[PDB]
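Observations on the model geometry
So you can see what is in the structure, the chains are spelled out below.
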Amino acid sequence: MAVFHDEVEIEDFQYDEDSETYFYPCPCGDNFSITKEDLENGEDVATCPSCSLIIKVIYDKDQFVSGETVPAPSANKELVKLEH
Ligand SMILES: [Zn+2]
């Protein structure tokens, strides 16, 4: 490795309705974490509390950066059954 670990699309991440946070599955055992606000500002990097690695989060800046345009809902997803 030389620059970052690997960039992954936000769609792959797991949205957290609890407090608007995205997480990514790590091979070390834990899962990365990144707040929605971070992506809205530019913080497209996730850090693991165990391995302490770095990962790039790809998303739509046009969607995240919504000044006077509130997006709309599109179906629902319930597949939270990832146990370690
Ligand atoms: Zn990790």
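Residues numbered from 1 in each chain as written, not as in the entry; some residues may be left out. Heavy atoms only, no water.

**Looking at the sheet that holds strand β5 (residues 45–47)**
- With mixed pairing, the 3 strands of this open sheet are ordered in space as β1-β6-β5. Looking along the sheet, the strands with just one partner apiece sit at the ends: β1 (7–9) and β5. Sheet twist, expressed as the mean angle between neighbouring strand axes with direction ignored, is 35°.
- Bridge analysis of β1 against strand β6 (residues 54–58) gives 3 bridges, and the strand direction is parallel. Paired with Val-8 across the two strands is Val-57, which belongs to β6. (Pairing = 2+ DSSP bridges. Helix = DSSP H or I, 4+ residues; strand = E, 2+ residues; numbered from the N terminus. Axes fitted to C-alpha atoms, helices over the stretch in contact; angles between N-to-C directions.)

**Topic: the coordination of the zinc ion**
- The coordination sphere of the zinc ion, as far as protein atoms go, consists of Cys-26 (SG), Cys-28 (SG), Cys-48 (SG) and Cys-51 (SG), spread over 2.4 Å.
- Classification of the site at the zinc ion rests on its 4 donor atoms, whose angles at the metal span 109 to 111°, yielding the label tetrahedral.
- Sequence positions of the donors to the zinc ion reduce to the motif C-x1-C-x19-C-x2-C. Here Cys-28 is found in the loop between β3 (21–25) and β4 (31–35), whereas its partner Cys-51 is found in the loop between β5 and β6, with 23 residues between them in sequence.
- Classification of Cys-28 as partly exposed rests on a relative accessible area of 43%. (Donors = N, O, S within 2.8 Å, 3.2 Å for Na, K, Ca; no water. Tetrahedral: all angles 85-135°; square planar, octahedral: opposite > 155°, others 65-115°. Buried < 20%, exposed > 50% of the residue type's maximum accessible area, 1.4 Å probe, protein only.)

**Some details on the UniProt feature "binding site: Fe cation" in the protein chain**
- UniProt's feature table lists "binding site: Fe cation" at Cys-26, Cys-28, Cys-48 and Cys-51, given in the numbering used throughout. Annotated residues spanning 26 residues; largest pairwise C-alpha distance 9.1 Å, indicating a single compact cluster.
- In this structure, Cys-28 is in contact with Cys-48, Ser-50 and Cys-51, ignoring residues within four places of it in sequence. (UniProt positions renumbered as here; feature names shortened; annotations may be inferred. Contact = heavy atoms within 4.5 Å.)

**Let's talk about the side chain of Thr-21**
- With respect to the helices, strands and loops of the structure, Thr-21 is situated in strand β3.
- Looking at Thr-21, its side chain comes within polar contact range of the main-chain oxygen of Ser-19, at 3.3 Å.
- The residues touching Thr-21, leaving out its near neighbours within four places in the chain, are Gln-14, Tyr-15, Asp-16, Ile-34, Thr-35 and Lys-36. (Polar contact = N/O pair within 3.5 Å; in protein donor to acceptor, adjacent residues only side chain to side chain.)

**Topic: the nonpolar core**
- Ranked by internal contacts, the top residues of the largest apolar core, which has 15 residues, are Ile-10, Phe-13, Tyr-22, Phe-32, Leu-39 and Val-57.
- If you list the elements that add at least two residues to this core, you get β3, β4 and β6.
- Beyond its immediate chain neighbours, meaning those up to four positions away, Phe-13 contacts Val-8, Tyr-22, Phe-23, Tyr-24, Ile-34, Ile-55 and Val-57. (Core = buried A, V, L, I, M, F, W, Y, C linked by side-chain atoms within 4.5 Å.)

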